[PDB]
Structure formats: structure tokens, C-alpha cells
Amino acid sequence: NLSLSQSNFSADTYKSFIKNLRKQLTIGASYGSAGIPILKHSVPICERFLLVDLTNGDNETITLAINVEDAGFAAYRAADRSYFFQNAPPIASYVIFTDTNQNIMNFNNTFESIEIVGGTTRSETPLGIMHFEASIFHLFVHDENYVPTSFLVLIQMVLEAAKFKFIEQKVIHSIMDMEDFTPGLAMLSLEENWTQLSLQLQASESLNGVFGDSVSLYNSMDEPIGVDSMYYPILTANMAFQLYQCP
């Protein structure tokens, strides 16, 4: 399994991790004019999950299952125990973490659902190495009052950074500055619009690169930038892969 450890968490290592994660997720990806790989779709459930290992400051490890169709977490294992979102593909139980004591978390793998259940938002949830470290710990023991924010942290630090170089780079800047951060409008607007950008990009094929609808992406000065075509470097040099949306 692809791996990132607390004990070896440099900017370079993190970068290789995210790089290798993108490669794996984009095996068999389709391509459009934009050149941004589009994740595979209607993948048989036996092939639908990609396993990643994260290891914290205790020499302790969780294995997360990523749905290769949407680059979201479906479930994770800690030792002899596993936890599935109720959101997960309903057959995932029969395919991953078979001989463990399987459990169902009573929420979906979405930020909206996770923020409601935890009572806490991404804007107020710090991101950094020791938050990465501690999130893993909380998940390993499955302390229920920390499980939501742990997911906010890990989803953003692993999956959303895989989705967007900008986000990757916020985590790098955090590693190098030795500084925690909370996501601002720039990062959140990418998270918000991953799906919509995937749709517009694929739809843009029939209009010479132009979207059917504009998408607002904030910059680091909190200014909104309307991306209504494929011709913005902040999209094209940022979004590493897309959700499959159009035949």
C-alpha cells in the first residue's frame, strides 16, 4: 500500500506521496482536449478501492480505502477494526476489510455531512503535520468526538491535495514554514467546485473550450475569479484530475 508516515514527513516525501497517489488514481483515466485526466467510471466493486496507509507519532497505522471513481474515502481499517461511511458503496463490506470487525459511521463522507455531525467547519479546523498526526491517532482508537474533524483534516491533506496542486502547495508551505493553517476561500472554493469543474470541462468540448456555466474560484487575496472556460492557468495548472461527467 502507498504510505505516508509522520516520522518521515518532509516536503519532498509528501510531494512524492501526492504524486504517486495521482498516478494510481489516474490509471486507466480518459482524456479530453484539456488534458486533465478523468477518473475511471462504472468500475467493478472488486477493483473500486485503492488502499493507503498513514502512520502517526506512535508507530501506529490506519489503512484508508479510496474510491477510485471519485477520489473520496469509503472506509478505513485500524488493527482488527474497520469503519465504513453509510455513504459507501453498499457492497464495499464484502470486498474490503473482510476479516475485521466492521462498523458503520452514521454519516456520509461529504464535508457537509461531516461538518453537521461534528459541529465544526473546515474554516475553523487547523491543518498541519501534527494535525495530520493526531487525526490519525483519533481514528486509530476511534474516539467518536474527534472522528469528524479527523476526517476534515485527512481528507483535505490527502485527497483534496491530490485533486488540486494549490492545495498540495498549502500543505507544502505549511511543512516548510513549520506553520499550521486553516483553509481560506481559495482552498474551499476548489473543494466546493471539484465536481462542477469536472462537469464544465467535459461539457466544454462542444463549445471550443467554453463552459456552460461560470465557476467562482477565490484567490489568496479573497478576490473571486470567474472561470468560464478552460483557458485559466489557475484551473489548468491546478486541477490534477476530474470526476467522470460526460460521455
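Just count from 1 along the sequence shown to find any residue number.
J.: I need to verify one thing: averaged over C-alpha atoms only, is the B-factor higher for 185-193 or for 47-55?
T.: Higher mean C-alpha B-factor: 47-55.
J.: Looking at the deposited entry, does 176-184 or 207-215 carry the larger mean Cα B-factor?
T.: Of 207-215 and 176-184, the stretch with the higher C-alpha B-factor average is 176-184.
J.: Quiz for you: based on the deposited Cα B-factor, which of 167, 75, 147, 155 is highest?
T.: That would be 147, according to the entry.
J.: For the listed residues 160, 80, 133, 115, which one has the largest C-alpha B-factor as given in the deposited model?
T.: Across 160, 80, 133, 115, the entry lists the biggest C-alpha B-factor for 80.
J.: When the modelled residues of the chain are sorted by Cα temperature factor, does residue 60 land in the lowest, middle or highest third?
T.: Ranked within chain, residue 60 CA B lands in the highest tercile.
J.: Among all modelled residues of this chain, ranked by Cα B factor, put residue 27 in the bottom, middle or top third, i.e. lowest, middle or highest.
T.: Ranked within chain, residue 27 CA B lands in the middle tercile.
J.: Ordered by C-alpha B-factor within the chain, which third holds residue 13? Give me lowest, middle or highest, please.
T.: Middle third by C-alpha B-factor.
J.: Quick check for you: using the entry's CA B-factors within this chain, is residue 151 in the lowest, middle or highest third?
T.: Lowest third of the chain for residue 151's C-alpha B-factor.
J.: Can you tell me whether residue 42 has a C-alpha B-factor in the lowest, middle or highest third compared with the other modelled residues of the same chain?
T.: Highest third, going by the recorded CA B-factors of the chain.
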